[PDB]
Amino acid sequence: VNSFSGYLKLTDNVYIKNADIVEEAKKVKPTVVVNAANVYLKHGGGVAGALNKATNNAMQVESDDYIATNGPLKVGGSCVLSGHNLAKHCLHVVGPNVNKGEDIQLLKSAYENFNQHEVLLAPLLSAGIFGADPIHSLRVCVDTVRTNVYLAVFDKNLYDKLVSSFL
Ligand SMILES: C[C@@H]1CCN(c2ncnc3[nH]ccc23)[C@H](CO)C1
C-alpha cells in the first residue's frame, strides 16, 4: 500500500491520472520522481522547467555540478540526483526529442531506467515538447516498465484520450 490517490489502473503495475506532476510530487513526496530531462540537464521548459522552478532552481544548481563532473547523459540514459523539496530522489531520464531528430526507438531504453526503482511518479517520456506521440509513449511504458509506475498527465484532454484509446 502506498499514498498515491485517484489513479486509474491500466495494468498490474501502471496507474494513470490527470494531474500536475509538480503538485502531485509536493503532496505525495514520493521516493522517486522522474524528470523529463535532456542530456545537458538544462531544465528550461516542459516538465523539467516546471520541476526545477518548484525547487527554487536548486535542481538546476545541482545538475550543473553533475554535468561539470560527468559530462552529458546519453539519450535513453538517466542519473539519480536529489529530489529536493519534491521527493527523496529525482530520476532524470532522457527520452528522445523528436523535434531534434532523435531516434524514437530509444524510448524503450529510456523507460528501462524505471525498472531500477520499485515505485516511481513519472510523466510520459518524450511527450509534450519532446514531440513524440503520447499514445505511443504510454504503450512503450506499459510494455517496458515492470516496477510500479504512477503516471501524471497534466492535460485533461490528453488524459481522456489516453484512457479511452488504451488497449
Ligand atoms: C510530457 C509532455 C510535456 C509536459 N507534460 C507534463 N506532464 C505532467 N506534469 C507536468 N507538469 C508540467 C508539465 C507537465 C505534458 C502533459 O500535458 C506533456
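Whatever order the structure lists ligands and atoms in, that order sets their numbers, starting from 1. Atoms considered below: every heavy atom in the structure, side chains included; atoms not considered: hydrogens, waters and symmetry mates. Quick note: residue numbers are just sequence positions, from 1.
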- Item | side chain to side chain contact (heavy atoms under 4.5 Å, CB included) between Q60 and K42, intermediate numbers included | CA-CA 7 Å; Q60 191 64 67; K42 289 307 186 194; 3.9 Å; yes
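Although no hydrogens or angles enter the test, the distance criterion places no donor-acceptor pair under 3.5 Å between the side chain of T144 and the main chain of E112. When atom types are taken as modelled, the side chain of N38 and the backbone of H43 share no donor-acceptor pair closer than 3.5 angstrom.
Within 6.0 Å of CD in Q116 there are 12 or fewer heavy atoms belonging to other residues, nucleotides or ligands.
Under a 4.0 angstrom heavy-atom cut-off, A152 registers as being in contact with ligand 1.
In summary, the atoms of ligand 1 found under 4.0 Å from a heavy atom of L124, numbered by their order in the structure, are 1 (C). Atoms of ligand 1 found under 4.0 Å from any heavy atom of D20 (numbered from 1 in listed order, with element): 11 (N).
Using a 4.0 Å cut-off between heavy atoms, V22 makes no contact with ligand 1 at all.
Ring geometry for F4 against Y150 counts as parallel: the plane angle stays under 30°, on a 0 to 90° scale with 60° as the upper cut.
Ranking the protein heavy atoms by distance from atom 9 (N) of ligand 1 puts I21 CG2, 3.1 Å first. Protein heavy atom in closest approach to atom 3 (C) of ligand 1: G128 CA, 3.2 Å. In terms of protein heavy atoms, atom 12 (C) of ligand 1 is closest to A50 CB, 3.9 Å. Summary of contacts: the protein heavy atom closest to atom 14 (C) of ligand 1 is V47 CG2, 3.2 Å.
The residue from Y111, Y15, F114 that alone fulfils the side chain to side chain contact (heavy atoms under 4.5 Å, CB included) condition with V149 is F114.
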